[PDB]
């Protein structure tokens, strides 16, 4: 069994927030969103995760896409399971597997996710739509007609440059 228990729209990173080429502001996992309970799963239900970044790919760095916000600022993006360190560097604008998934036993548990980004200097940024994450039922399991996708928006912030 499965049911949706999270929020549809989700803000990424704390509002306002101030931070001090291309240069990568290493903010760790601070500019992100994390929720371990987005879905309610039970009875051998198997689920994984797919991620999608809608921002334009303005470049590539060490393998992952540099998504653009402004002609001056860009982002590196990670999506995946609940724990931050278990993310997947995002590349492109297509649905990608960001978490291979698991299967809950004969009991009640949940499926979460996490998302974090890092500023990239190519200042201030206005809140912008980032992308989405969808649960991926498998091994026979199906989403039925329960909400499968959630979205993410980056809260405005500023980079105290040099």
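Positions refer to the first chain, counted from 1.
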Practice task
Answer with none, 1 to 3, 4 to 9, or 10 or more: how many deposited residues between residue 142 and residue 143 are not present in the coordinates.
Solution key: none
Practice task
Could you bin the unmodelled part of the deposited chain lying between residue 122 and residue 123 as none, 1 to 3, 4 to 9, or 10 or more?
Solution key: 4 to 9
Practice task
For the higher mean C-alpha B factor in the entry, choose 124-132 or 46-54.
Solution key: 124-132
Exercise for the section: Give the stretch, out of 23-31 and 109-117, with the larger mean C-alpha temperature factor in the deposited entry. Expected result: 23-31
Practice task
Pull the Cα B-factor of residue 153 out of the PDB entry and bin it into the chain's lowest, middle or highest third.
Solution key: middle
Fill in the blank from the handout: Here the Cα B-factor of residue 10, set against its chain, lands in the third termed middle
Practice task
Determine, from the deposited record, the chain-internal third of the Cα B-factor for residue 97: lowest, middle or highest.
Solution key: lowest
Problem - Modelled-residue ranking by C-alpha temperature factor, third containing residue 37 - result: lowest
